[PDB]
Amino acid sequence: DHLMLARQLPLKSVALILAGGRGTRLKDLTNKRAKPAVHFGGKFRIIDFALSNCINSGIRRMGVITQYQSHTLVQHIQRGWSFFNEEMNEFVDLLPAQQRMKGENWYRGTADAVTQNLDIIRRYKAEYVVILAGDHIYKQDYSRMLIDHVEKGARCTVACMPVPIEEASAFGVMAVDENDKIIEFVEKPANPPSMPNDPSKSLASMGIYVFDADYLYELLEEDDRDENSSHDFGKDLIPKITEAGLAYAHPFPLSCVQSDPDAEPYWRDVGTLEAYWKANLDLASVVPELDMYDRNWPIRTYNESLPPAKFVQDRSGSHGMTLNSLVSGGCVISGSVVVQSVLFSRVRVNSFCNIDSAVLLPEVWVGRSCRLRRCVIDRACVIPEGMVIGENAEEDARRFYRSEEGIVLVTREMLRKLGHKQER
């Protein structure tokens, strides 16, 4: 462990974002796009979190694997992540599956997508391969995980963090020892084992595996020949590494970038619809759990050119009132009440509206005299005049999609089967 080691491992490293793959539990949010390209934060996409942590961690060589509905994703990487110069060892390579006969190849698993592209990744000559799930929201520093991987003399290093046992049936539960060496790993159990001394919580894998380059190539080619295998990192390989005792665990609180050290680390995978809504409006509160006014760990995105947020008087000459809300650029709010809401770019709300705990994805047009409560308005939805959402549960659940918790989702297809011409 030398003094100039913390700086030379990111440069000998290469990150691989398994962007591609939809989130099925997000219903129609991700019907026309990949989960990493779901909008978030007023101006971000989820994959801006798993990319700006590579940059600020020094890892300037990324590999974005994209399968399902990637036009918007690729078009976002193109416009916001193509400032690189390949001559200074940095790049964001897109690795969709390469078709030679109209659908002959198609990425059978998570770990069968790093094996199709294993002739391109060898050419990078990397020693440490970070394996990032980029449909997640976090502010980690992977040059403090890579060290903890190099100090321990590990082959694979799984970033683990504890979560409530109630939600630990959707993640990879493990069990460690005094030396943070994984002893028992099981993927997506039906009865998540608890931690020792913490019966109400389980030590879960985040989908962030650091691998020596030599061991990963030798483990996938040793796994690609397995017909029985399901070709996934959690469900096939990490048990294989674990059962040889070459798998260590890296606590996330160590390599988490927070502005308040007294707080707990922030991890939201935006699993269902409810946690997507809840995760945006936790940017609109007074004290957000996620700091985005931070200049020591900024998040890079498509810096679209939009005019200032305009607030104008309604048809009656009256004021427009706002409370704990975000209004991004392009918006035009004509004298209506906006509360606990998040308006993204280009949202044009007309007069006399009432908007409460809403999330208005971009290019939404809200017509005159609309009332919106606890809803998610999808991209380009042209809400008609006098529409009421979030006051009649037996109404909203027979028009739009309504989650068990009360969250409504509105899409153009939902609003075009109702008869509202939404071709504006």
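Between two forms, the rigid core is the largest collection of C-alphas that superpose within 1.5 Å. Note that residue numbering begins at 1 and tracks the sequence as displayed.
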Stretch with larger C-alpha RMS deviation in 5 other deposited structures of this protein, core superposed, 68-76 versus 207-215:
68-76
By Cα RMS to this form in 5 other deposited structures of this protein after fitting the core, the stretch ranking higher of 89-97 and 339-347 is 89-97
Among other entries of this protein with both neighbours modelled, does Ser305 go without coordinates in a third or more of them?
no
Looking at the other compared entries that model both neighbours, is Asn105 missing coordinates in at least a third of them?
yes
